[PDB]
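What follows is a single structure, written as C-alpha cells, with notes after it.
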Amino acid sequence: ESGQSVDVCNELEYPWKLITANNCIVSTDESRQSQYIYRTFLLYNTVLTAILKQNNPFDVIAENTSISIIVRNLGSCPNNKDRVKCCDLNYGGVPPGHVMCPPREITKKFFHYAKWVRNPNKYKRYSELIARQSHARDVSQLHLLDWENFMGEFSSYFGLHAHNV
DNA sequence: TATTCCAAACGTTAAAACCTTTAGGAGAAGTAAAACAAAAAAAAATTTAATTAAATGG
C-alpha cells in the first residue's frame, strides 16, 4: 500500500480495461538487479564505442556470438584477473588501460540475460538470470559487489557521482 | 593441496507436430414397396328331377 501504486498494467479506461489489460509480468528485486546490471553495462558499451578507435565486439546481439568465445579471445585483465583485458584495446582517446576492464562472470550473466530478447514471452526463463541463486548466495552476491565496484570506479573515473544510478 | 578452465551430462520450458473428437456431406447396401403374372378357390350361373299347387277330373 505505501508509495505510489497507481502504476499498474491495467492501463485502459474503465470499460476497455474491463475488456482487456496490458501484457504484464511479475517484477521482483532480483530481476531488478539484473536490469540494473543490464542498463549499466549498456552504458559501458556505449562509452567504449564512443572512445574506441576500433569496433566494439561487446555490442553485437547476434546468435552465434557467445560471451564464452569472446572472453576466450580477450581474457582476464592483468592487474585484476577477475576483470577482462580491455586495457590492450584501441581508443581514439588516450588508452586508459585497465580502467575499462569489467569483471568476468558479470559479463557472462549479462550476455545470458541479453540473449533473452529472442522470445520475451518466455520471460521467466531469463527474468532473474543475472542475480539468480541457482554457496551460490556468496557467488552471486559477490558478483553484485564486483559489478558495483566497477560502477563506482567508473563513476569516479569520470567525476560522476555514485548517486546517479 | 588446491586451483583453473573446458567439456559435458540433464531438466525444464517452450515450439511444432501429431493424434483426437467432433461435424458436415457422400455414396451404399437393405428393406421395401411397386408391380406382374399364374394358380386355386370361390362364386355364379345353369338345368333336371322332384314337388307342389292348382286346374281337370269317376
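Counting neighbours? That spans all protein chains shown, and the Cβs are built from the backbone with ideal geometry, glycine included. Just so it is clear, none of the values below were taken in a lab; they were calculated from the coordinates.
Report, by residue number, each residue of the range A:30-63 that is of a type in the set (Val, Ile, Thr), part of a helix (DSSP H, G or I) and over 18 Å from A:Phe158 (Cβ atoms). Result: A:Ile37, single match. Would you check if there is a residue in the range A:136-152 being part of a loop (DSSP other than H, G, I, E, B) and within 13 Å of DNA strand B (Cβ to nearest atom)? Scanning the range A:136-152, I find no residue that is part of a loop (DSSP other than H, G, I, E, B) and within 13 Å of DNA strand B (Cβ to nearest atom), so the answer is no.
Sort out which residues of the range A:72-91 are of a type outside the set (D, E, K, R) and within 15 Å of A:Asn45 (Cα to Cα), and write them in order of number.
Start the filter on the range A:72-91 by keeping residues that are of a type outside the set (D, E, K, R), which leaves A:73-80, A:84, A:86-87, A:89-91.
Residues satisfying the conditions are A:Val84, A:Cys86, A:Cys87, A:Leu89, A:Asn90, A:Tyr91.
Could you please find all residues in the range A:125-135 being within 13 Å of DNA strand B (Cβ to nearest atom) and among the hydrophobic types (A, V, I, L, M, F, W, C)? Selection gives A:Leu129 alone.
Filtering the range A:10-27 to residues that are exposed (fewer than 10 other Cβ atoms within 10 Å of the Cβ) and part of a loop (DSSP other than H, G, I, E, B) leaves A:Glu13, A:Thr20, A:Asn23, A:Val26. Annotation note: Cβ proximity below 7 Å between a residue of the range A:135-152 that is within 19 Å of A:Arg32 (Cβ to Cβ) and a residue that is surrounded by 14 or more Cβ atoms within 10 Å (Cβ to Cβ) and acidic (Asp, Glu) (sequence gap 6+ or interchain) occurs for A:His143/A:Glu105; A:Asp146/A:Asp82.
Listed here are the residues, each with its yes/no results for (1) farther than 24 Å from A:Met151 by Cα; (2) of a type in the set (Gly, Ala, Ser).
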residue: A:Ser2; (1), (2): yes, yes
residue: A:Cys9; (1), (2): yes, no
residue: A:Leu18; (1), (2): yes, no
residue: A:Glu30; (1), (2): no, no
residue: A:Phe58; (1), (2): no, no
residue: A:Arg72; (1), (2): no, no
residue: A:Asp82; (1), (2): no, no
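Residues in the range A:86-124 that are farther than 17 Å from A:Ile61 by Cβ, assigned to a helix (DSSP H, G or I), of a type outside the set (A, V, I, L, M, F, W, C) and within 16 Å of DNA strand B (Cβ to nearest atom): A:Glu105, A:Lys124.
Yes/no per residue for (1) at positive phi; (2) more than 15 Å from DNA strand B (Cβ to nearest atom); (3) surrounded by fewer than 12 Cβ atoms within 10 Å (Cβ to Cβ):
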{"position": "A:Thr49", "(1), (2), (3)": "no, yes, no"}
{"position": "A:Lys53", "(1), (2), (3)": "no, yes, yes"}
{"position": "A:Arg72", "(1), (2), (3)": "no, no, yes"}
{"position": "A:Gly75", "(1), (2), (3)": "yes, no, no"}
{"position": "A:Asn80", "(1), (2), (3)": "no, no, no"}
{"position": "A:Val84", "(1), (2), (3)": "no, no, no"}
